[PDB]
Amino acid sequence: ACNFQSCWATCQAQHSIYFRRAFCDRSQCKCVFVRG
């Protein structure tokens, strides 16, 4: 199971201003973020 809102919150909470977006990739929470 994967949840968009839950994933977004998780990804946003950990990732700082480098956080792009968050979503469900396949069936797993995927966090998008840049390095530099």
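Residue labels used throughout are counted from 1 along each chain in written sequence order rather than taken from the entry, whose numbering may differ, and residues without coordinates are not included. Based on all heavy atoms of the structure, the side-chain values leave hydrogens and waters out of the count.

**Q** What is the right way to read the overall build of the protein from this model?
**A** Each helix corresponds to a stretch of at least 4 residues labelled H or I by DSSP, and each strand to a stretch of at least 2 residues labelled E; elements are numbered beginning at the N terminus. Scanning the protein for helices and strands turns up one helix and two strands. What you see in the protein, going N to C, is helices and strands ordered as α-β-β. The principal-axis extent of the C-alpha atoms belonging to the protein is close to 30 × 15 × 10 Å. Summary of the burial criterion: residues with accessible area below 20% of their type's maximum are buried, those above 50% are exposed, and those between are partly exposed, where the area comes from a 1.4 Å probe applied to protein chains only. By the burial criterion, 11% of the 36 residues in the protein qualify as buried. Look at the contacts in the protein between residues 6 or more apart in sequence, and 8% of them connect residues 24 or more apart. All accessible areas in this document rest on Shrake-Rupley with a 1.4 Å probe, and a residue is counted as covered only by the protein chains that are shown. Put simply, the protein shows about 3,000 Å² of open surface, and 50% of that area lies on carbon and sulfur atoms. We call two residues in contact whenever any of their non-hydrogen atoms come within 4.5 Å of each other.

**Q** Mind showing me how you'd approach the pattern of salt bridges here?
**A** Pairing between side chains of opposite charge can happen when their charged atoms approach one another. For salt bridges, the criterion is a side-chain nitrogen of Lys or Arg within 4 Å of an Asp or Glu carboxyl oxygen. Using the criterion set out here, one finds two salt bridges in the structure. Here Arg26 and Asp25 are joined by a salt bridge, their closest N and O atoms 2.7 Å apart. For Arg26, a relative accessible area of 67% puts it in the exposed group. One salt bridge in this structure joins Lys30 and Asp25, with 4.0 Å as the shortest N-O distance. Note on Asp25: relative accessible area 22%, which makes it partly exposed. Three or more residues are tied together by salt bridges with common partners; here these are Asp25, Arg26 and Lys30.

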